[PDB]
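K.L.:
Build me a structure from this.
(one chain, ligands or ions: 9)
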Amino acid sequence: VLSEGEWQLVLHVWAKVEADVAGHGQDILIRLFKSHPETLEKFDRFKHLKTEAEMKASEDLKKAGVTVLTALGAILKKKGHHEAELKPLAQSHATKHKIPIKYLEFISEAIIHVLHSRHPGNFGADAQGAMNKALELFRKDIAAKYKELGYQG
Ligand code: HEM
Ligand SMILES: O=N[O-]
Ligand SMILES: O=N[O-]
Ligand SMILES: O=N[O-]
Ligand SMILES: O=N[O-]
Ligand SMILES: O=N[O-]
Ligand SMILES: O=N[O-]
Ligand SMILES: O=N[O-]
Ligand SMILES: O=N[O-]
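P.N.:
Numbering: from 1, shown residues only. Ligands and ions are numbered 1, 2, ... in the order given. Now the structure:
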């Protein structure tokens with residue numbers, strides 16, 4: 001359970017993300033796909049992309065990045081009261097897309113990497129710790145939902 005001070009660290013860096021959600025989404029998806037190339041295989045519209053340049057030029061990848069970060073943002077803004085948001089997301093990611101928890105860990109690591117690179121003014125150790133706690137909460141609650149839904153994860 002996060003403190004209010006922890007949530008405020010999360011939401012203060014999130015506010016900078018929101019200055020340019022598309023750009024942050026490109027950087028985050030690209031980092032995930034470079035760091036864990038097996039994750040790209042889940043994305044049928046652009047799994048054929050071979051290079052970072054191709055990835056940066058992809059309008060479909062850009063839209064996916066906007067979608068992920070906007071949904072995550074909405075969850076973070078609930079400050080842990082995210083049961084309603086998590087229901088459809090857990091169902092799609094468990095049953096349609098088949099995203100294991102380990103892949104949710106990889107995208108969390110990609111998020112942290114990019115925020116650390118882009119936002120050293122709002123992403124020092126305490127803020128990174130708060131973001132990691134928020135993302136660990138998200139993953140814990142999604143994993144519990146996966147289990148309810150019948151998915152090993
Ligand atoms: C913070 C974690 C994540 C959030 C908030 C998120 C959110 C979303 C949302 C909102 C959509 C569109 C609606 C839906 O289908 O549910 C979506 C689609 C999808 N997500 Fe995620 N997602 C996350 C992590 C992942 C990860 C790690 C992968 C794969 C490694 C993944 C794969 C997909 C796929 C394949 C789609 C369908 C995209 C398409 O139609 O081409 N997601 N996700
Ligand atoms: O205010 N304690 O995070
Ligand atoms: O996408 N940078 O590792
Ligand atoms: O496609 N924006 O959430
Ligand atoms: O981009 N993960 O939906
Ligand atoms: O707390 N959301 O499952
Ligand atoms: O509300 N979940 O489908
Ligand atoms: O509800 N999953 O597409
Ligand atoms: O992409 N994680 O360092």
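
K.L.:
which bits of this structure sit near ligand 6?
P.N.:
Applying C-beta under 6 Å from any ligand atom, one finds that the chain approaches ligand 6 through 82-83, 86, 141, 145. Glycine gets a C-beta too; all of them are placed from N, C-alpha and C.

K.L.:
Next, format those as a markdown table and append neighbour count, secondary structure and distance to residue 153.
P.N.:
Shown next, in a markdown table, are the residues of the chain next to ligand 6 (neighbours: other C-beta atoms under 10 Å; DSSP: H, G, I helix; E, B strand; the rest coil; distance: C-beta to C-beta, whole Å):
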| residue | neighbour count | secondary structure | distance to residue 153 |
| --- | --- | --- | --- |
| 82 | 18 | coil | 18 |
| 83 | 10 | helix | 18 |
| 86 | 18 | helix | 13 |
| 141 | 17 | helix | 12 |
| 145 | 19 | helix | 9 |
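
K.L.:
right, and out of those, which lies closest to residue 75?
P.N.:
The closest of the residues of the chain next to ligand 6 to residue 75 turns out to be residue 82 (C-beta to C-beta; 4.7 Å).

K.L.:
Would you confirm that that closest one contacts residue 145?
P.N.:
No: here residue 82 does not reach residue 145: they are 10.7 Å apart, not a contact under C-beta atoms under 8 Å.

K.L.:
The residues of the chain next to ligand 6: which ones sit near ligand 4?
P.N.:
By C-beta under 6 Å from any ligand atom, no member of those lies near ligand 4.

K.L.:
and residue 96, how far is that from ligand 1?
P.N.:
6 Å (C-beta to the nearest ligand atom, to the nearest Å).

K.L.:
Could you check how far that residue is from residue 72?
P.N.:
As judged by C-beta to C-beta, to the nearest Å, residue 96 and residue 72 stand 18 Å apart.

K.L.:
Give me the nearest residue to residue 137, chain neighbours excluded.
P.N.:
residue 80 (6.1 Å; C-beta to C-beta, 6 or more residues apart in numbering).

K.L.:
Next up, the contacts around the one you found.
P.N.:
Applying C-beta atoms under 8 Å, 6 or more residues apart in numbering, we find residue 80 in contact with 1-2, 7, 137.

K.L.:
Just the buried subset of these, please.
P.N.:
2, 7, 137 (16 or more other C-beta atoms under 10 Å).

K.L.:
Could you check which of residue 96 and residue 72 has the larger neighbour count?
P.N.:
residue 72 (22 against 8; other C-beta atoms under 10 Å).
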